[PDB]
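Okay, so here's the structure we're looking at.
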Amino acid sequence: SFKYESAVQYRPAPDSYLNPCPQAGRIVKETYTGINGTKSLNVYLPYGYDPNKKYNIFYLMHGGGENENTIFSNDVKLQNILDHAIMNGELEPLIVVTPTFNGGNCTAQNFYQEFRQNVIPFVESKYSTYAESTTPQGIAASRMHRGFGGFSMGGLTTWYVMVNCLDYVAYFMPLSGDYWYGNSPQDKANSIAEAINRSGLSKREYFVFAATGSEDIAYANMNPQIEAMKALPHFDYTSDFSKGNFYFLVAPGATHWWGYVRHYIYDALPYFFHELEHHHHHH
């Protein structure tokens with residue numbers, strides 16, 4: 155029974171959500187070959203996953219020095235939080251994918267190209283998303299059911315995905331990372347605006363839920379960028395995505411550590427994928 159709030163506040167998951175849930179989603183290790191050579195990712199399927207149904211899909215990127223196994227390892231345990239939240243009805247069932255920017259010519263900045271060409275067709279040909287095909291026209295037609303997020307260097311990845319993939323992705327979750335593209339915060343905001351202009355999309359067709367900690371170094375460059383974005387007509391600031399499309403959650407006292415950042419995903423992910431959803435829900 156999720157309901158939108160207009161200014162949602164930081165709230166960690168209870169400590170019991172960090173322990174294994176008996177209603178556990180299956181995690182599948184996959185290997186594929188793309189423009190950056192042979193690489194792996196993990197796919198989280200919700201408990202009761204039925205491939206005759208269609209699922210929203212969220213792709214989630216690791217930070218510097220990490221890999222495609224980090225988010226579901228003992229150092230993070232995001233699957234436990236997902237399992238609990240789905241079981242208790244706080245979060246609608248979805249597929250969550252944890253890829254990597256490691257390998258070949260791949261960098262956090264350039265990952266969007268591999269994302270487009272290899273990762274979406276590989277994953278969404280095998281698993282049941284709202285994509286009816288994985289041609290560019292099929293991917294673009296299911297964009298309201300696709301999201302991208304990430305932490306630190308994976309937050310940087312998210313910003314480059316947004317500016318190059320608005321045709322394919324409607325929901326964005328940059329966590330503790332800023333957009334390195336321009337010599338001022340206004341250059342950053344203007345580049346995002348120009349990408350939106352080129353896409354032809356209305357303000358009801360893209361959504362940005364950013365977050366960091368008040369004690370995370372990422373705040374220093376994120377906050378000026380967010381302020382420059384708020385001044386654009388392209389963004390209506392509120393966490394009530396029935397009305398607007400842009401929010402920045404700052405967790406008091408939180409440091410640059412997955413121990414906190416996993417809770418940002420707990421807070422924000424329930425806000426995604428309801429606008430023009432195919433179920434009859436009152437939020």
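The sequence shown lines up with residues 155 to 437 when you count with this note's numbering.
Note that CB positions come from ideal geometry on N, CA and C, so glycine has one too.
Cβ-based neighbour list, residue i, same chain, cut-off 8 Å, excluding 5 preceding and 5 following
i      : result
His437 : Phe156, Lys157, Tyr158, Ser396 and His428
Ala343 : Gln379, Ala382, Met383, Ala385 and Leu386
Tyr171 : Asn234, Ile235, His238, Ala239 and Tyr420
Contacts around residue i, its chain only, beta-carbon distance under 7 Å, and the 5 residues preceding and following it disregarded
i      : result
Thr261 : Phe255
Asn375 : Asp332
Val230 : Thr224, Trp412 and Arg416
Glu268 : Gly188, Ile189, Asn190 and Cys260
Unbroken beta strand (DSSP E) run spanning residue i, endpoints
i      : result
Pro328 : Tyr325 to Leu329
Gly304 : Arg300 to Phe305
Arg180 : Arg180 to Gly188
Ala405 : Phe400 to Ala405
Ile211 : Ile211 to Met215
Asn196 : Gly191 to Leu199
Alpha helix (DSSP H) segment containing residue i, residue limits
i      : result
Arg352 : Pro339 to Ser353
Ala295 : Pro290 to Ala295
Through-space distance from residue j to residue i, alpha-carbon basis
i      : j      : result
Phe276 : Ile249 : 14 Å
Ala405 : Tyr164 : 5 Å
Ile181 : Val251 : 9 Å
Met316 : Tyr325 : 9 Å
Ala347 : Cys175 : 42 Å
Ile225 : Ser345 : 30 Å
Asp394 : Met307 : 27 Å
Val162 : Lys207 : 31 Å
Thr311 : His410 : 17 Å
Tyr201 : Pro424 : 17 Å
Presumed contact (8 Å Cβ cut-off) between residue i and residue j, rounded CB distance
i           : j      : result
residue 438 : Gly309 : The displayed coordinates of the chain run from 155 to 437. Any statement about residue 438 would go beyond what the structure contains.
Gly257      : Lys193 : 5 Å
Cβ shell of residue i (< 6 Å), same chain only, five flanking positions each side left out
i      : result
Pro205 : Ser282
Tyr401 : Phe363 and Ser393
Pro339 : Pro378, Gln379 and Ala382
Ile350 : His388
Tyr314 : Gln263 and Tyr266
Cβ contact (3+ pairs, closer than 8 Å) linking the region 277–287 and the region 414–422: no
Segment contact flag, the region 219–238 with the region 269–283, C-beta cutoff 8 Å, min 3 pairs: no
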